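Order of writing sets the labels: A, B, C, D, E, F, G and H. Residues in every chain begin at 1.
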Amino acid sequence: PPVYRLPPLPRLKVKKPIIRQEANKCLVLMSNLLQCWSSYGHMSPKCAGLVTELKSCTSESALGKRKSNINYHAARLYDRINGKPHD
Amino acid sequence: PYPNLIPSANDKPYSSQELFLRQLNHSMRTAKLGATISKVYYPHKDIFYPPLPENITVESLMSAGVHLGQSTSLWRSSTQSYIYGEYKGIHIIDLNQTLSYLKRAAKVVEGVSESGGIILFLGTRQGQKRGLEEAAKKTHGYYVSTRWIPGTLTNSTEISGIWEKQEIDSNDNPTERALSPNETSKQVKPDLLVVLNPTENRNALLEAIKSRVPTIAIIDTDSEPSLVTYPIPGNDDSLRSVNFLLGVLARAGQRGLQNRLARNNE
Amino acid sequence: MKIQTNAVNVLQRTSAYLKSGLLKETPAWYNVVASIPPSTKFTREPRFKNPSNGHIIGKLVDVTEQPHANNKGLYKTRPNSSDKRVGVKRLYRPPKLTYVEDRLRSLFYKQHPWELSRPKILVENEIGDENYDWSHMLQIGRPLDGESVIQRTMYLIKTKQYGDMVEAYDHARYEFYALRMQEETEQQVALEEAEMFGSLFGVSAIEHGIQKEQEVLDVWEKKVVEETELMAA
Amino acid sequence: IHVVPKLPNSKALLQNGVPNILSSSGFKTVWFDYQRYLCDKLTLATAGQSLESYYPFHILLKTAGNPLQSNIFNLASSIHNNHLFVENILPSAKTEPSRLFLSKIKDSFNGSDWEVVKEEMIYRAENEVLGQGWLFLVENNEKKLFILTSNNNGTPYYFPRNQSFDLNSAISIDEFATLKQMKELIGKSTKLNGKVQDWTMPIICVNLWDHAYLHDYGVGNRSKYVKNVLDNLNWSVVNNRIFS
Amino acid sequence: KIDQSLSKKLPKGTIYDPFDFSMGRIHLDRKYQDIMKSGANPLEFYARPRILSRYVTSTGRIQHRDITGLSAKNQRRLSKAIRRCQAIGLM
Amino acid sequence: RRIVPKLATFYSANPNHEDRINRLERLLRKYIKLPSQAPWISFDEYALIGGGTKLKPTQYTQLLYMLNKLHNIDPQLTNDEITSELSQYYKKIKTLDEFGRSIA
Amino acid sequence: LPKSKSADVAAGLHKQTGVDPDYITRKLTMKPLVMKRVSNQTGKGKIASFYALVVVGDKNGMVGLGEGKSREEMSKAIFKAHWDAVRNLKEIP
Amino acid sequence: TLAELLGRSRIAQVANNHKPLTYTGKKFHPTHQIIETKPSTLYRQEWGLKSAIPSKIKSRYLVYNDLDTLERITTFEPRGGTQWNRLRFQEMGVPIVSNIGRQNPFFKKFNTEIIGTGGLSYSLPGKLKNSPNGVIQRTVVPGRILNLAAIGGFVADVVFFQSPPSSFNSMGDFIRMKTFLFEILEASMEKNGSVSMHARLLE
């Protein structure tokens, strides 16, 4: 395959590192409730427990619960990982 | 021995401590029993029982792994004379050459120890510390494992200003008299810098040549050999090969120290 | 990197200082360094033999040295293009070390994939101390493996019991197989004996493997449930 | 590589054997040849493995729990057990049994005499092991001693590899129950290797293999041989391997 | 019941490992994933749209050498053949 | 005579600390087989004997680790030398009235 | 409690790099070659700096160049240049 | 000479290959030579390679491709699972025989194809295995059903008298959790080097 060697750079770093955390439980419950209410009319008792669960989740605050070291490694290992020729 | 051991009652079984002691006793007397194991490599044995420069062979160097140079793509062509050939995508260091350079290095190490010089063993890599400290202990010498702060010799008064200096006999007895504040503040320069990773501490080498100090280094197949007074071609990456070379050097310096002590006694 | 003058000319620089009177007292190292001089001759030295093979590097086959007809029946009467080019870089670039044994090794592990699964300690014991007569395979310090086979093949080749290499290799392989079978039988029977005389093994290899799998599966299951929930919502 | 250790007054041993119990030839058969053979076998087994560096006893302890690689365990066990036996035998390197040892024996065997204990040991040797084996007088974490037979290369140290009775033949109910209890204990260990704690130490190993007796005593008279060994053994060595 | 994406089906003749049952294995598998490559000039296939249409996007565009993964010369020949094809009626 | 540095770690960054760690490390090595079964000097307190301004948090944590493990050696098996080395690193009630009521 | 400058330099050299002070004081004789005033445009403003360049040398083939710099007056810069020169002494053939 | 010693020595003994360490395709046999250390040598990071190996690795076994690369790192993976598969197979004790009527290859220019088995089994088929309980006719092995069954480091084809609904349909695609016993009938080996086992589910 076609390898692509970079030139000598000042500093290998990702501009923004994404953590990719899991989505919020409360938000999910709210979405589920919304989906249920799309069907079954306005407020039928099929989504009786779901609403209660949502309320329990969003009692103390609107959301329930409230970084990736990737730059430090790149920064650390750039000089090694280079194919930079000798001095 | 074991003054605080509370022994269990005769009717009762052994205590935990008593049992441990019994196990230790068994180990000392009758565990290493059934056989003896000749011709096998214990890592520790290279630090505490290194061979003399004379008795080293090419075979021993090869076993240590000294022959394995850096890589074919990480080649400083300055080091061309030292390398034997390439194999497994790796330059292989000519080991007769390595031997001769090691002997030369060992002799200079011995000489400065005999003259009562300050030998300094510099080794920034991870596993090297313990063996480095042992070598430093062996000759009445010094070492550095935690990083070399740039300017220990060039800028000695700022860096090495507030550490205790000593006085010494023709033997190595402290002769503890008070050093004057003028007497203390002078730099105490090494008479041999010996590095285990010259490629990682260029700076130390540069200060040595500025500060006018002869230096020894394990020159791998990517390292500049002109940057030191006495290069030893060899495998600086593997921990055991370095230890072997270092241990040899320590032994050479130890001998020279012993000789100096003998001549003082005379 | 330029060739540094100042790392090896240390004693000269200090000798000058001593002469001047910049240095009152001589260093400890000074006499020692005088006695044992540095190299200071940082040359590129040429090499004329490949050490592994014993091929000649420097020489050129001439037109007069090749009298007979070539493949496709043409007589060489002139130097070719490559015979005129100045091959100096070959004298200086270090030789690629080649061994006949490497090919045999490669062949063996192609033929016997599961020999790779037998773990190999690469940490050498004293290489000088050993003394193996390859009349037979089973050496003492060395274990039984493809290497031992290959050494046996090489010995056979040397002695000319089997003039052909392939035949010698086959023979070595056949010697190995019997030994392997014997080893296999030894362990099984030892296990049987142990079972008979009331020995007790707490964790068998297969049981261990199952246990190892179980933890991973448990980890997967909780994660998988969470992922399904995520997907649903 | 595992090689046999140099015994004290080796040349004398070669010339004679052992004054009372073993001949020049009989001692050679048990040690100078058989031990060597065992060592060679162990080396062959454990040439390129991590086991090459370790001593026989430490190898055995490592290996004990593993069902496969039982051959290594057997060899290692044999090597250690045989050298213990030789150590017990040796004339020097007259000594009596220790007072402490005698007191311990008395405590263990309902206040019986040392001669009685010996007699019980020889009876056990006669009855328990068929074919090959070992006869140990051991000491455990409870300070009292006891007699331990093993059926070929069973170690006194680690109880799951005591190899103490033969299930090739028929067995008792009590023996079966004991086995079941052991198995349960092993299962309770809860480690990845699955190896229990055990602090059994051998005080008097005796070699019930045919490599010791068969030359001198013939196929019968193994009991007689055992008795002779018990009568004439190095007591200083025994005393040394007794106290905590 | 569960979807196909979150369970690695180990093949029949294959070996496996404790790791191989994991989520991490599946992720690794997901991460790590012809006649013109075989060694025959693509300019034989200019009267064979069926085969040339494999090296073309749904709309009709020719695919890049990064995508198709060809030798540069072989790629250019393929491209030429395609262009010839569309100059003709066929393709 | 010769004027020479005391510590073998002299040339290293924080030589005194390194020297201090080395003795503890040696002790640990010596009594590494001894079976294992609080009031340690502060960072600032350690600095005055150790590195001073050159003392780092990581170094202090390492030192603590070294001391704690040594201390953990079962008290019955411990030595005099170990204890000597560790020695360095150590260091009104309200009631009712006459009439039985609590003022506050 | 409290030529003199040259002696102080020599003493400082002896501390830093083990050089003979008496030799530095007597046999070495210095000579300024260039004596610039030099400046940097900083946000504060133009910041001037006295640059010296001062050959020192024992008149027996031992010679050294040295440069030095001070924001404070030129005497300090010259001292620094002298120091540098004595650090860089060199045997010419 | 040095060259001869190098050719002999333990790094030359490891036959070189640049096969992927990560191969997500079908694995029928070991790709790479497994390389172990001793515990002592691991403690001072020495594996008998060009360089030291990172202190993060605490496993004694590994696999590698390059002693040193342009990236200034040895290309390795700390795993030796293939030995354990072999050991499991040995424990199971089902002898591999060629189902096609052919002579056993171990008895009697170059052929790169796999000579019989790849060396996972040098066992011969004719033996029985006695125990305290008796002579074992049926080999009992615990395994996991996937949907095929994973049985001691090998996937195996499975057969049964009746398909049990209670165990299967209760957890349709979580059958991997519950370990079931198996009776391994025989092990055949195809040209590609895959071990085609055949088991039978016991209840």
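Here is the rule we use: contacts are C-beta pairs under 8 Å (C-beta built on N, C-alpha and C of every residue); 3 or more make two chains touch, one makes a residue touch a chain.
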Starting from the Cα centroid of subunit E, hunt down the chain whose centroid lies farthest away. G
Chain pair, most C-beta pairs within the contact cut-off: C-H
Nearest whole angstrom, what separates the Cα centre of subunit D from the Cα centre of subunit H? 37
Taking each chain's centre as the mean position of its Cα atoms, how many Å separate subunit F from subunit G? 48
Rounded Å distance, subunit C centre to subunit E centre (Cα mean): 39
Can you list every residue of subunit D that touches 2 or more other chains, as numbers and ranges? 1, 49-50, 52-53, 67-68, 167-168
Note: subunit B residues in touch with at least two other chains are 21, 39-40, 42, 59, 62, 65, 73-74, 76, 84-85, 87, 92, 116, 118, 186, 224, 240
Going through subunit A residue by residue, note those that touch at least 2 other chains and give them in order. 83, 86-87
Of subunit B, residues touching subunit A in the complex: 73-76, 222, 224
Which stretch or stretches of subunit C touch subunit D in the complex? 119-121, 138, 140-145, 186-187, 190-191, 193-205, 208, 211
Sites on subunit H touched by subunit C in the complex: 1-3, 5-16, 29-38, 41, 46-49, 61, 80, 82-88, 90-93, 106-115, 117-124, 127, 129-132, 141-142, 144, 150, 152-153, 174, 176-177, 179, 193
State the interface residues of subunit H toward subunit E in the complex, per the touch definition above. 22, 24, 26-29, 79, 81-82, 85, 146-148, 150, 153-157, 172-174, 176, 190, 192, 194-196
For subunit D, which residues count as touching subunit C in their complex? 1, 40, 43-44, 47-50, 52, 65-71, 73-74, 151-152, 154, 160-168, 179, 182-183, 186-187, 189, 192-196
